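Working notes, structure below.
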Amino acid sequence: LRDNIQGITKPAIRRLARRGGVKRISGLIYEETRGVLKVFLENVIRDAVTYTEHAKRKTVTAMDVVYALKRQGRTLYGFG
Amino acid sequence: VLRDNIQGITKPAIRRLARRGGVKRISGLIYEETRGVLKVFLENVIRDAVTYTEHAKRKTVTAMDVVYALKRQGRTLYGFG
Amino acid sequence: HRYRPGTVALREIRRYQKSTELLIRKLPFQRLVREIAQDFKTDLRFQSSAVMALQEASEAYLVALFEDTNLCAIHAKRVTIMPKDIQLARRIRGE
Amino acid sequence: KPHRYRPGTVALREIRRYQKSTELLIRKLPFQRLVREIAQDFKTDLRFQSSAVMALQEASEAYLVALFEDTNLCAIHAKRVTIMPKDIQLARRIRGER
Amino acid sequence: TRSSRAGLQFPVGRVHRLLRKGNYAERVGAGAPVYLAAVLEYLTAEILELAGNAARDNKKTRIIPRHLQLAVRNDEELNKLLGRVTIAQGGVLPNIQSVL
Amino acid sequence: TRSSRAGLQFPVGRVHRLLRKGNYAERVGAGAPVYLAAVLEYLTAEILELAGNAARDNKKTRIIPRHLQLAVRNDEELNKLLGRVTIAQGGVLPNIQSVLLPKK
Amino acid sequence: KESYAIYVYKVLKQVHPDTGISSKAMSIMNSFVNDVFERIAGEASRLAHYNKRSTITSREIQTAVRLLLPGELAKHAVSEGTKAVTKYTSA
Amino acid sequence: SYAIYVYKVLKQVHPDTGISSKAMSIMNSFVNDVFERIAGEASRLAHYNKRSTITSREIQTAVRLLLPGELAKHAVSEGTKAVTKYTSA
DNA sequence: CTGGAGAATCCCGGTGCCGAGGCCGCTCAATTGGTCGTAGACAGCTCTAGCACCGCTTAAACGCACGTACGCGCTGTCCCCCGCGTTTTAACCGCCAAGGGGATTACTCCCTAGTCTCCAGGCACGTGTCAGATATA
DNA sequence: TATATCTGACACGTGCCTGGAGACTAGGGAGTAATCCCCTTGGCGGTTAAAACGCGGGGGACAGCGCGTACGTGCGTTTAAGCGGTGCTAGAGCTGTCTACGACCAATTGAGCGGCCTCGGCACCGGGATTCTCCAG
């Protein structure tokens, strides 16, 4: 796999901004947002895989990412 | 009944904390409104703190009470055991 | 006419803020997740619902960032976001 | 001739001074009377540990200072050195206080 | 059910057992879970009420996360209590900015 | 002390019983206090080393909370691990913005 | 497998009898109950611990509720819980 | 408190150095802080796998979950070394 | 374009002290040595969802020309917050004086885990049905 | 759209079992009483740091206005993402061991705690050199 951070294209980012309520967007915003999102997700994958590898499992379960987000003080609902 | 002791925290004292806070220039309206902000913040904490004290049904607020209160809002303070 | 600047923007904002479906392309997102995930273990096994939950948390986090960023801009007498403004927001957020 | 300093020398010098020191700034007993005054709304004639009230003063001013840092950043972006009430409203809003 | 014995709905037995074996302490007082289920069921009542009002006012018959979303964002207390919460499949409320 | 048996310094016994008398889990594995106490001794050594260095950097032999202030706040990793923590009598890190200083 | 679906549905029939429910909304609400569950249980545990009590009674729960909920919602929570506990243990 | 142990460490790291009482109290509060962090997060970590015993496995994984990078790495080095040394005895 | 006075600060030095670091009894908590029951280590195996590739469908991404609308700098206004001098009290501290409720010890109890049994509530699981899609006249 | 046909997700029904309710014992957490005292509160009284007040007044917040680039948007171009469909298999989860390990009790004992020194790091202080600044050049 290569360069998939650009696969989440600028139009999708615009869709987020419209969902975020934004009228004008600087051209440099998109890559900076990919960076912030990148580090953010790296934090998610890091502790998530730590939970997966700890349990000697090869598959990442939903409950693990719930625990990870909960550790970061951003509780996510939606799983019974 | 005592009244307006928040005005005891005066304008130059606000200038002291703000100047230690890195503020260089202060609007005249900042002082009283800031006293209000401080009052709000305290009420967010002191009420819950004294509520911890009231659970023990005591008349003396201990340091542990303010420790638990500050910890409860993620504003941990060290220096009391 | 040429659909004046701002009308299409405001109506689009209303429409997508009025709806709730997912807005990020699934295969680029999933492959991006696996690609970044390679830096600990290559070829992860993933639940689809996990990928969806990451899309949920991710887009809510980003939209919320647009909310705070936009409020900082509007407060700063601007209506145009800048990267330095986002960096300021995250600094205020503690990042 | 009138010995007068320029607008900022003594102020910033004082800033550096209290950046070197670590003691509490405002007047103590009037503040403690404010504490008891606000405390009236829950129980009358309360006993207070003085050091706990001092801890309240310390943590409270630490909070205020942090707020001054953030509103200070708001002034920095808005081409000002003067804090305004709406800037405090922005900072507390972004924090999540309203 | 003991809930019906108290005139409630949430399971007093299940909540009581899970709380005692909730690994906080070996023993838990008897009235605490009843009080707990009563408070949560009350919370359930107002949120189901706001959601029902939302579906009814939005011409809907099945409640979906969207109605939960503007239900929370329109209730100041729900926003306050759930300030650290991310709602799956909820979207956001279109809070319209003054300049926008 | 079991620490001395292992050639360490933090009290494995007191902390270990605090794990039993702390309601965290039903049972405690044998290697847990050794490993954990080791982590605290290492990080503690980091903190004391930085405080000592900072104390020497201020012509003082006695460490005061101000040394905790510059030592901790000048350390990125402690600043990030303690981003919501402010200690008593610590003060503020000296930092004046360029736009605030006069332009000499 | 345990869930809280059926009771929330009964309460739904108590408040809005002419309103239905999607499965996803019932699930997300069950997750919400899991959150409230964890917050109250954790805080009540902390409260009992601070004064070293090994039994969680109605007073610790009440005080905890008073700490978490600001004002009138706490007033109604304490009112409903008190009425419920009192009415139940008095019959 | 923890004064005697912090002073022992002080003799190991900077023998010609003192410390105020207030700073020692700060250190005691930090020790208690880290203790509840590891104990709570490790406790729920054990709960996740429905285990009733917190062993070296759970503590080690919990440390990498809680501690940032280089400090965690050296914590694993010193910790694993230490557990090896005491456990072999 | 830059130095001169003088307040601020650095530094050198001298004084006092009280807090810090070291000593000295005095317990009781940490360690050992077992023991007991069980959580969990272990091996092998199903199936099923994840993986992986084929193939069709079109939603979605990309590029370009265009204009406006947004940031931003220049330029101008002015009043308000900084600087400093003056008066005033009320902050600060030390001292005097009273006494409550926090901390301790002990009493007395009543409340919850543990055993064991029992059963209907609660879980899984198809079945109807009506909300709503589709065709033709 | 009438009428008639056709679907799918949720309301409603069933069978099976297992988790909670009864009642009792047993031990111990918590309310309660009494009681000492020490820190808490509240006063007197002296000293003086500091807030308040006010008077300039330069400078920072702010507006107007004019310039120009760049980002949005329509419209036309291009396509791999998405769905379905087929096929495979690693590994989640299960099933069946089986015990060494961690809790526990009792016995041991030396580390760690409380009270008590006593002295020197640092605060305070005073005095001179340097540095930095504002206002002269």
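Following the order of the structure tokens, chains are lettered A, B, ..., residues in each are numbered from 1, and ligands are numbered from 1.
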
I need the residues in chain C that are alpha helix (DSSP H) according to DSSP; give them as a PDB file with C-alpha atoms, in the first residue's frame.
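Result written to result32.pdb:
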```pdb
ATOM      1  CA  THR C   7     -26.099  30.059  -1.381  1.00  0.00           C
ATOM      2  CA  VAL C   8     -24.951  26.633  -2.604  1.00  0.00           C
ATOM      3  CA  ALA C   9     -22.542  26.482   0.326  1.00  0.00           C
ATOM      4  CA  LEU C  10     -25.222  27.229   2.948  1.00  0.00           C
ATOM      5  CA  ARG C  11     -27.749  24.845   1.386  1.00  0.00           C
ATOM      6  CA  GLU C  12     -25.088  22.124   1.142  1.00  0.00           C
ATOM      7  CA  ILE C  13     -24.181  22.677   4.816  1.00  0.00           C
ATOM      8  CA  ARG C  14     -27.882  22.374   5.716  1.00  0.00           C
ATOM      9  CA  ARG C  15     -28.294  19.196   3.661  1.00  0.00           C
ATOM     10  CA  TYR C  16     -25.277  17.298   4.961  1.00  0.00           C
ATOM     11  CA  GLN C  17     -25.697  18.605   8.500  1.00  0.00           C
ATOM     12  CA  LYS C  18     -29.314  17.536   8.070  1.00  0.00           C
ATOM     13  CA  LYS C  26     -14.633   3.000   2.388  1.00  0.00           C
ATOM     14  CA  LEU C  27     -11.819   1.317   0.409  1.00  0.00           C
ATOM     15  CA  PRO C  28      -9.332   4.273   0.628  1.00  0.00           C
ATOM     16  CA  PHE C  29     -10.145   4.580   4.340  1.00  0.00           C
ATOM     17  CA  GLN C  30      -9.726   0.858   5.053  1.00  0.00           C
ATOM     18  CA  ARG C  31      -6.541   0.551   3.003  1.00  0.00           C
ATOM     19  CA  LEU C  32      -5.176   3.706   4.636  1.00  0.00           C
ATOM     20  CA  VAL C  33      -5.896   2.172   8.054  1.00  0.00           C
ATOM     21  CA  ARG C  34      -4.158  -1.080   7.099  1.00  0.00           C
ATOM     22  CA  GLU C  35      -1.236   0.843   5.545  1.00  0.00           C
ATOM     23  CA  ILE C  36      -0.640   2.893   8.691  1.00  0.00           C
ATOM     24  CA  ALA C  37      -1.267  -0.303  10.702  1.00  0.00           C
ATOM     25  CA  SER C  48     -16.009  -4.123   9.154  1.00  0.00           C
ATOM     26  CA  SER C  49     -17.880  -2.581  12.103  1.00  0.00           C
ATOM     27  CA  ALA C  50     -14.524  -1.568  13.566  1.00  0.00           C
ATOM     28  CA  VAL C  51     -13.632   0.278  10.345  1.00  0.00           C
ATOM     29  CA  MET C  52     -17.049   1.922  10.486  1.00  0.00           C
ATOM     30  CA  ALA C  53     -16.573   2.939  14.142  1.00  0.00           C
ATOM     31  CA  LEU C  54     -13.225   4.513  13.260  1.00  0.00           C
ATOM     32  CA  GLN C  55     -14.938   6.365  10.435  1.00  0.00           C
ATOM     33  CA  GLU C  56     -17.582   7.556  12.937  1.00  0.00           C
ATOM     34  CA  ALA C  57     -15.124   8.750  15.606  1.00  0.00           C
ATOM     35  CA  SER C  58     -12.822  10.194  12.941  1.00  0.00           C
ATOM     36  CA  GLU C  59     -15.474  12.280  11.184  1.00  0.00           C
ATOM     37  CA  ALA C  60     -17.007  13.444  14.472  1.00  0.00           C
ATOM     38  CA  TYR C  61     -13.554  14.522  15.638  1.00  0.00           C
ATOM     39  CA  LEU C  62     -12.855  16.375  12.385  1.00  0.00           C
ATOM     40  CA  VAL C  63     -16.289  18.054  12.234  1.00  0.00           C
ATOM     41  CA  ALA C  64     -15.821  19.149  15.860  1.00  0.00           C
ATOM     42  CA  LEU C  65     -12.427  20.543  14.867  1.00  0.00           C
ATOM     43  CA  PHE C  66     -14.187  22.521  12.136  1.00  0.00           C
ATOM     44  CA  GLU C  67     -16.619  23.808  14.762  1.00  0.00           C
ATOM     45  CA  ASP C  68     -13.910  25.116  17.086  1.00  0.00           C
ATOM     46  CA  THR C  69     -11.756  26.321  14.177  1.00  0.00           C
ATOM     47  CA  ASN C  70     -14.722  28.174  12.672  1.00  0.00           C
ATOM     48  CA  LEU C  71     -15.585  29.760  16.017  1.00  0.00           C
ATOM     49  CA  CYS C  72     -11.982  30.906  16.387  1.00  0.00           C
ATOM     50  CA  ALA C  73     -12.081  32.401  12.884  1.00  0.00           C
ATOM     51  CA  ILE C  74     -15.442  34.157  13.397  1.00  0.00           C
ATOM     52  CA  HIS C  75     -14.193  35.444  16.754  1.00  0.00           C
ATOM     53  CA  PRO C  83      -3.690  25.938   9.040  1.00  0.00           C
ATOM     54  CA  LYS C  84      -2.026  28.110  11.687  1.00  0.00           C
ATOM     55  CA  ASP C  85      -5.531  28.712  13.064  1.00  0.00           C
ATOM     56  CA  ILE C  86      -6.044  24.942  13.319  1.00  0.00           C
ATOM     57  CA  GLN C  87      -2.672  24.638  15.053  1.00  0.00           C
ATOM     58  CA  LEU C  88      -3.774  27.407  17.407  1.00  0.00           C
ATOM     59  CA  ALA C  89      -7.036  25.530  18.099  1.00  0.00           C
ATOM     60  CA  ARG C  90      -5.257  22.245  18.840  1.00  0.00           C
ATOM     61  CA  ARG C  91      -2.801  24.127  21.050  1.00  0.00           C
ATOM     62  CA  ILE C  92      -5.832  25.551  22.864  1.00  0.00           C
ATOM     63  CA  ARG C  93      -7.172  22.001  22.795  1.00  0.00           C
TER      64      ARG C  93
END
```

Name the residues in contact with residue 49 in chain F at a cut-off of 10 Å, using only C-alpha atoms (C1' of nucleotides), excluding same-chain residues fewer than 5 positions from it; report them as a PDB file with N, CA, C and O atoms, in the first residue's frame.
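part_32.pdb was written with the following content:
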```pdb
ATOM      1  N   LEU F  43      11.403   6.025  36.415  1.00  0.00           N
ATOM      2  CA  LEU F  43      10.826   7.335  36.129  1.00  0.00           C
ATOM      3  C   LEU F  43      11.108   8.319  37.252  1.00  0.00           C
ATOM      4  O   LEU F  43      11.327   9.514  37.014  1.00  0.00           O
ATOM      5  N   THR F  44      11.101   7.821  38.484  1.00  0.00           N
ATOM      6  CA  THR F  44      11.462   8.612  39.650  1.00  0.00           C
ATOM      7  C   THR F  44      12.895   9.105  39.531  1.00  0.00           C
ATOM      8  O   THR F  44      13.188  10.273  39.806  1.00  0.00           O
ATOM      9  N   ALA F  54      18.611  20.821  37.334  1.00  0.00           N
ATOM     10  CA  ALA F  54      18.012  22.154  37.377  1.00  0.00           C
ATOM     11  C   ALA F  54      18.401  22.922  38.635  1.00  0.00           C
ATOM     12  O   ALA F  54      18.553  24.150  38.587  1.00  0.00           O
ATOM     13  N   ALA F  55      18.549  22.219  39.761  1.00  0.00           N
ATOM     14  CA  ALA F  55      18.952  22.860  41.007  1.00  0.00           C
ATOM     15  C   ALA F  55      20.382  23.364  40.909  1.00  0.00           C
ATOM     16  O   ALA F  55      20.693  24.476  41.355  1.00  0.00           O
ATOM     17  N   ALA F  71      12.128  22.179  35.532  1.00  0.00           N
ATOM     18  CA  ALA F  71      12.523  20.822  35.157  1.00  0.00           C
ATOM     19  C   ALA F  71      11.393  20.076  34.450  1.00  0.00           C
ATOM     20  O   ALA F  71      11.601  19.483  33.385  1.00  0.00           O
TER      21      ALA F  71
ATOM     22  N   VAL H   9      17.170   7.421  46.584  1.00  0.00           N
ATOM     23  CA  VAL H   9      17.370   7.680  45.159  1.00  0.00           C
ATOM     24  C   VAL H   9      18.192   8.945  44.969  1.00  0.00           C
ATOM     25  O   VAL H   9      19.059   9.014  44.092  1.00  0.00           O
ATOM     26  N   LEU H  10      17.959   9.942  45.825  1.00  0.00           N
ATOM     27  CA  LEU H  10      18.738  11.172  45.804  1.00  0.00           C
ATOM     28  C   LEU H  10      20.205  10.893  46.092  1.00  0.00           C
ATOM     29  O   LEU H  10      21.086  11.492  45.473  1.00  0.00           O
ATOM     30  N   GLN H  12      21.612   8.137  45.322  1.00  0.00           N
ATOM     31  CA  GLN H  12      22.140   7.423  44.166  1.00  0.00           C
ATOM     32  C   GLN H  12      22.360   8.337  42.966  1.00  0.00           C
ATOM     33  O   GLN H  12      23.248   8.070  42.151  1.00  0.00           O
ATOM     34  N   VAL H  13      21.574   9.405  42.829  1.00  0.00           N
ATOM     35  CA  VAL H  13      21.621  10.213  41.614  1.00  0.00           C
ATOM     36  C   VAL H  13      22.405  11.510  41.783  1.00  0.00           C
ATOM     37  O   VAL H  13      23.248  11.850  40.945  1.00  0.00           O
ATOM     38  N   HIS H  14      22.165  12.234  42.874  1.00  0.00           N
ATOM     39  CA  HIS H  14      22.878  13.478  43.155  1.00  0.00           C
ATOM     40  C   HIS H  14      23.164  13.539  44.646  1.00  0.00           C
ATOM     41  O   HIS H  14      22.361  14.101  45.407  1.00  0.00           O
TER      42      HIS H  14
END
```

Practice task
Give me the residues within 10 Å of range 74-83 of chain J as a VMD selection string, counting only C-alpha atoms (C1' of nucleotides) and dropping any in the same chain fewer than 3 places off.
Solution key: (chain C and resid 1 to 3 25 to 28) or (chain I and resid 56 to 66)

Handout entry: 6 Å contact set for range 16-22 of chain H, only C-alpha atoms (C1' of nucleotides), chain neighbours under 4 positions out, as a PyMOL selection string
Key = chain F and resi 61-64

Exercise for the section: Any chance you could list, as a list in words, the residues in chain F that come up strand (DSSP E) when DSSP is run on the backbone? Expected result: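 Here is the list: residues 27, 28, 62 and 63 of chain F.
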
Go ahead and save the picked residues with N, CA and C atoms, as an mmCIF file, in the first residue's frame.
```cif
data_model
loop_
_atom_site.group_PDB
_atom_site.id
_atom_site.type_symbol
_atom_site.label_atom_id
_atom_site.label_comp_id
_atom_site.auth_asym_id
_atom_site.auth_seq_id
_atom_site.Cartn_x
_atom_site.Cartn_y
_atom_site.Cartn_z
ATOM 1 N N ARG F 27 -7.142 -10.622 42.266
ATOM 2 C CA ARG F 27 -5.872 -11.294 42.536
ATOM 3 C C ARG F 27 -4.748 -10.539 41.836
ATOM 4 N N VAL F 28 -3.540 -10.638 42.391
ATOM 5 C CA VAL F 28 -2.377 -9.917 41.882
ATOM 6 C C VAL F 28 -1.252 -10.892 41.566
ATOM 7 N N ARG F 62 19.471 22.750 47.300
ATOM 8 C CA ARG F 62 18.211 22.208 47.786
ATOM 9 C C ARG F 62 17.134 22.380 46.727
ATOM 10 N N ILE F 63 16.496 21.271 46.358
ATOM 11 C CA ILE F 63 15.457 21.278 45.337
ATOM 12 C C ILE F 63 14.162 21.836 45.911
#
```

Got a sec: who's within 7 Å of range 78-87 of chain D, counting only C-alpha atoms (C1' of nucleotides), leaving out chain neighbours fewer than 2 positions off, as a JSON list (two decimals) with C-alpha atoms, in the first residue's frame?
```json
[["chain", "number", "residue", "atom", "x", "y", "z"],
["B", 24, "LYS", "CA", 0.61, 42.97, 28.79],
["B", 25, "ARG", "CA", -2.41, 45.27, 28.38],
["B", 26, "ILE", "CA", -5.75, 45.03, 30.18],
["B", 27, "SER", "CA", -9.11, 46.52, 29.24],
["B", 30, "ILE", "CA", -11.76, 42.90, 32.13],
["C", 76, "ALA", "CA", -11.00, 36.62, 15.01],
["D", 71, "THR", "CA", -6.93, 34.46, 25.95],
["D", 72, "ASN", "CA", -3.43, 35.88, 25.54],
["D", 74, "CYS", "CA", -6.38, 34.94, 21.26],
["D", 75, "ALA", "CA", -5.09, 38.51, 21.58],
["D", 76, "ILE", "CA", -1.93, 37.44, 19.71],
["D", 89, "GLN", "CA", -15.82, 34.00, 26.22],
["D", 90, "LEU", "CA", -14.05, 32.39, 23.25],
["D", 91, "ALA", "CA", -11.45, 30.66, 25.44]]
```

Problem - Closest of C:78, C:22, C:4, C:40 to chain J - atom-to-atom distances counting only C-alpha atoms (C1' of nucleotides) - result: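 Smallest separation from chain J among the options: C:4.
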